[PDB]
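What follows is a single structure, written as structure tokens, with notes after it.
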Amino acid sequence: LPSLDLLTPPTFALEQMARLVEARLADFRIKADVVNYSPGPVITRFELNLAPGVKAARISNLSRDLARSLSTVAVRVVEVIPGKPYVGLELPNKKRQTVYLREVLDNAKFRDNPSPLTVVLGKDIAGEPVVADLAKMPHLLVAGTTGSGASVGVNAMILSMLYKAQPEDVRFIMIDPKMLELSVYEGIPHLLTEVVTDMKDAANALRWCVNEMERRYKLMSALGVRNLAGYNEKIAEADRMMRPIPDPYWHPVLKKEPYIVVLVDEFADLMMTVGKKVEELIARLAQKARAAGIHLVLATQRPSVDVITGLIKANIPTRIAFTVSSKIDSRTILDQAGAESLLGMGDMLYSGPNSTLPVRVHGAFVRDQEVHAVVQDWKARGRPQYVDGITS
């Protein structure tokens, strides 16, 4: 419902660089040809043809030096270019382009998608808009260093939803233990409860979810339904026929249930003080919340084996890595290097559950002010109908 006008509107140098890359590469016992290259908004991917035997892991363990052999902040070595037998070398463009939220929001890919948890990621290395469905993730983990784009990235996601879902479609439980990052959304009618600030309430909020999931699963059985979607259609049906479905377990009639998106900003604070208990709850939720319409988003900027633990990783299939400071950090996030080779400012590596190959995406950009604009627009439509007990 809010308007898009609340958001701002959107070969020689190459071959020379291709020739220097081939020169710096041959500068070692690495013979390779730059058979091709494709330029995008932020980087340019050079396709190298390694000589017989030359492992693609040989360049990867030399990205730092190589990036230094030329004048670029960093260089990313993609071991496998989908569809081609060549190795990829991503270099930053001299003139970078901003990827505007609005440009992706105004695309068919976002417009056509029926899911209310559709989110804009950004654009792929070739300039194509990338959208994703939180419902299909079905839970996500966002991580990076401080100003690499995680926060802006999360805002892009929520705004995505605020540009397609009515509260009846999606409700949020926002956990911001420390500071006020998510506090900017206070008042949004979508909020199920006030932004959670006490670390103990957080645990309670999660426990609520766990029960809300069993409740929804009970109902789904009574109607012989598999998804939350199938349940709502049964309910829509009952509505069209003015044949209200009375609660089979109990005046009182069943109603449409919204998707609940649980957002935890810097769940590191949640771990470094209530870790064990939280992990316990996250794991249970992440295992069966999908069909029940409950989805987790865990954001952090302190990617450590203490935060992104084994269990956490084992329960959150989809992960997003914004620029990190080291390979270790990246591996903790993606169980694979690469994110320490991004160019900051929204540059990211998406890693879904249905593939081992990560995908580079330049995150959409949203002004802190546009967030306020969008939030003000939503609060004018009315205040949130809080649900009691979530925090108690």
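If you're wondering about the labels, chains in the structure tokens are A, B, ... by order shown, residues count from 1 in each chain, ligands from 1 in order shown.
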
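Across range 90-146 of chain A, DSSP run on the backbone finds alpha helix (DSSP H) at residues 101, 102, 103, 104, 105, 108, 109, 110 and 111 of chain A.
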
* To do: Might you pull out every residue within 12 Å of residue 172 in chain A, with only C-alpha atoms counted and same-chain residues fewer than 4 positions away left off, and present them as number ranges by chain?
  => A: 117, 158, 161-162, 165-168, 182, 185-196, 205, 209, 258-264, 293-297, 384-387, 390

* Which neighbours of residue 102 in chain A fall inside 7 Å, counting only C-alpha atoms, when residues of the same chain fewer than 4 positions from it are skipped, and could you give them as a PyMOL selection string? -> chain A and resi 4+7-9+106

* Can you tell me how far CA of residue 140 in chain A sits from CA of residue 100 in chain A, in Å to one decimal? -> 22.3 Å

Spatial neighbours of residue 14 in chain A, 12 Å, only C-alpha atoms, chain gap at least 2 places, as a PDB file with N, CA and C atoms, in the first residue's frame:
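Okay, result.pdb is ready:
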```pdb
ATOM      1  N   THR A  11      35.015  -0.668 -22.743  1.00  0.00           N
ATOM      2  CA  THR A  11      35.466  -2.004 -23.105  1.00  0.00           C
ATOM      3  C   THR A  11      36.991  -2.058 -23.146  1.00  0.00           C
ATOM      4  N   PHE A  12      37.615  -0.899 -23.321  1.00  0.00           N
ATOM      5  CA  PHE A  12      39.067  -0.828 -23.385  1.00  0.00           C
ATOM      6  C   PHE A  12      39.700  -1.064 -22.022  1.00  0.00           C
ATOM      7  N   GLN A  16      42.457  -4.336 -21.010  1.00  0.00           N
ATOM      8  CA  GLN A  16      43.743  -3.896 -20.485  1.00  0.00           C
ATOM      9  C   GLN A  16      43.951  -4.576 -19.141  1.00  0.00           C
ATOM     10  N   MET A  17      42.898  -4.573 -18.331  1.00  0.00           N
ATOM     11  CA  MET A  17      42.932  -5.199 -17.017  1.00  0.00           C
ATOM     12  C   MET A  17      43.040  -6.715 -17.188  1.00  0.00           C
ATOM     13  N   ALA A  18      42.393  -7.231 -18.226  1.00  0.00           N
ATOM     14  CA  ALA A  18      42.426  -8.656 -18.508  1.00  0.00           C
ATOM     15  C   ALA A  18      43.855  -9.051 -18.849  1.00  0.00           C
ATOM     16  N   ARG A  19      44.541  -8.151 -19.540  1.00  0.00           N
ATOM     17  CA  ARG A  19      45.911  -8.378 -19.958  1.00  0.00           C
ATOM     18  C   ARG A  19      46.880  -8.295 -18.777  1.00  0.00           C
ATOM     19  N   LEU A  20      46.571  -7.435 -17.809  1.00  0.00           N
ATOM     20  CA  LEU A  20      47.420  -7.286 -16.631  1.00  0.00           C
ATOM     21  C   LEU A  20      47.220  -8.455 -15.668  1.00  0.00           C
ATOM     22  N   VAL A  21      45.988  -8.955 -15.602  1.00  0.00           N
ATOM     23  CA  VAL A  21      45.659 -10.085 -14.740  1.00  0.00           C
ATOM     24  C   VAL A  21      46.410 -11.307 -15.243  1.00  0.00           C
ATOM     25  N   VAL A  34      42.695 -15.226 -20.101  1.00  0.00           N
ATOM     26  CA  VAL A  34      41.451 -14.560 -19.765  1.00  0.00           C
ATOM     27  C   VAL A  34      40.611 -14.682 -21.034  1.00  0.00           C
ATOM     28  N   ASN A  36      37.531 -14.562 -21.425  1.00  0.00           N
ATOM     29  CA  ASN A  36      36.373 -13.682 -21.521  1.00  0.00           C
ATOM     30  C   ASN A  36      36.161 -12.883 -20.241  1.00  0.00           C
ATOM     31  N   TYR A  37      35.144 -12.029 -20.258  1.00  0.00           N
ATOM     32  CA  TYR A  37      34.787 -11.217 -19.104  1.00  0.00           C
ATOM     33  C   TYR A  37      33.415 -10.592 -19.300  1.00  0.00           C
ATOM     34  N   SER A  38      32.694 -10.413 -18.203  1.00  0.00           N
ATOM     35  CA  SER A  38      31.374  -9.811 -18.257  1.00  0.00           C
ATOM     36  C   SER A  38      31.273  -8.750 -17.162  1.00  0.00           C
ATOM     37  N   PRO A  39      31.018  -7.490 -17.556  1.00  0.00           N
ATOM     38  CA  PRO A  39      30.904  -6.376 -16.614  1.00  0.00           C
ATOM     39  C   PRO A  39      29.512  -6.180 -16.038  1.00  0.00           C
ATOM     40  N   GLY A  40      29.467  -5.872 -14.747  1.00  0.00           N
ATOM     41  CA  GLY A  40      28.202  -5.639 -14.080  1.00  0.00           C
ATOM     42  C   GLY A  40      28.249  -4.304 -13.363  1.00  0.00           C
ATOM     43  N   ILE A  43      31.109  -5.219 -10.131  1.00  0.00           N
ATOM     44  CA  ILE A  43      32.335  -5.898 -10.506  1.00  0.00           C
ATOM     45  C   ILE A  43      32.303  -6.340 -11.946  1.00  0.00           C
ATOM     46  N   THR A  44      33.424  -6.911 -12.368  1.00  0.00           N
ATOM     47  CA  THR A  44      33.602  -7.432 -13.712  1.00  0.00           C
ATOM     48  C   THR A  44      34.206  -8.817 -13.516  1.00  0.00           C
ATOM     49  N   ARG A  45      33.531  -9.843 -14.020  1.00  0.00           N
ATOM     50  CA  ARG A  45      34.033 -11.206 -13.875  1.00  0.00           C
ATOM     51  C   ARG A  45      34.900 -11.682 -15.043  1.00  0.00           C
ATOM     52  N   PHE A  46      36.186 -11.901 -14.773  1.00  0.00           N
ATOM     53  CA  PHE A  46      37.112 -12.374 -15.793  1.00  0.00           C
ATOM     54  C   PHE A  46      37.134 -13.891 -15.761  1.00  0.00           C
ATOM     55  N   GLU A  90      36.717 -12.060  -9.984  1.00  0.00           N
ATOM     56  CA  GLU A  90      35.940 -10.835  -9.902  1.00  0.00           C
ATOM     57  C   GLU A  90      36.770  -9.632  -9.407  1.00  0.00           C
ATOM     58  N   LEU A  91      36.800  -8.594 -10.238  1.00  0.00           N
ATOM     59  CA  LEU A  91      37.516  -7.367  -9.921  1.00  0.00           C
ATOM     60  C   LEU A  91      36.516  -6.228  -9.830  1.00  0.00           C
ATOM     61  N   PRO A  92      36.777  -5.253  -8.949  1.00  0.00           N
ATOM     62  CA  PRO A  92      35.888  -4.102  -8.772  1.00  0.00           C
ATOM     63  C   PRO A  92      36.009  -3.099  -9.910  1.00  0.00           C
ATOM     64  N   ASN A  93      34.877  -2.524 -10.298  1.00  0.00           N
ATOM     65  CA  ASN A  93      34.850  -1.522 -11.357  1.00  0.00           C
ATOM     66  C   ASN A  93      35.323  -0.197 -10.782  1.00  0.00           C
ATOM     67  N   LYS A  94      35.961   0.612 -11.617  1.00  0.00           N
ATOM     68  CA  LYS A  94      36.468   1.909 -11.191  1.00  0.00           C
ATOM     69  C   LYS A  94      35.309   2.823 -10.802  1.00  0.00           C
TER      70      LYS A  94
END
```

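Closest to residue 324 in chain A among A:236, A:229, A:142, A:152 is A:142, based on only C-alpha atoms.
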